[PDB]
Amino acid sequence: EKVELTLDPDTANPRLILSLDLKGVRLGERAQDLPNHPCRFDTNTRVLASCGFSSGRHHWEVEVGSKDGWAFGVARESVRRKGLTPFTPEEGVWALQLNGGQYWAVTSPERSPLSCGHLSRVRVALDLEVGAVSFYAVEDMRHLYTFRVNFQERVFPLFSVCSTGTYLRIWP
């Protein structure tokens, strides 16, 4: 069930910078001049993994920056790439987020504050049989949050970074 992911550069918003190893994402100062690939998020600061899941159970781990500005989890493949989307379950993203110095599950219309400790590394567990996306703090595999979803399509690991001082990294 453990998966080895890499970030898909064709999906990445042109302001993002992906590390050479395709495991890390940060936000650059300027938009790169990149082609208008159909998979590319052209406005929101997102990138997907190159691999998505249609069935079964899979998990991966994400190292998280201490500073505000990231969100990560999963997106349905049909998430709109072109134009400005809301970052919400209805628009096809199921994510945890750090901002305002607080961790959130990005529920809508109101986000859900989590009372977890400081997070360093998070396991994401996607179960398409059960219909759930779950997040655990790695150190004691402490459950943080589950979204229950009836996924009817391929689901991709999702990352977003909208501040220059933070990052996400597929671990290790």
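The first residue of the shown sequence is 1; numbering continues from there. In this text, rigid core is short for the largest set of C-alphas that superpose within 1.5 Å between two forms.
Relative to the displayed structure, the C-alphas of 30-38 lie farther away on average in 7 other deposited structures of this protein than those of the other candidate, with 30-38 and 57-65 compared after rigid core superposition.
According to the PDB record, 86-94 carries the higher mean C-alpha B-factor of the two stretches 86-94 and 69-77.
Stretch comparison (106-114 versus 142-150) by mean CA B-factor in the PDB entry places 106-114 on top. The residue among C39, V47, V62, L119 whose C-alpha carries the highest B-factor in the deposited model is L119. In this PDB entry, the Cα temperature factor of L34 sits in the top third of its chain's modelled residues, the highest group. Per-chain ranking of the deposited C-alpha B factor places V130 in the highest third. Among all modelled residues in its chain, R57 ranks in the highest third by Cα B-factor.
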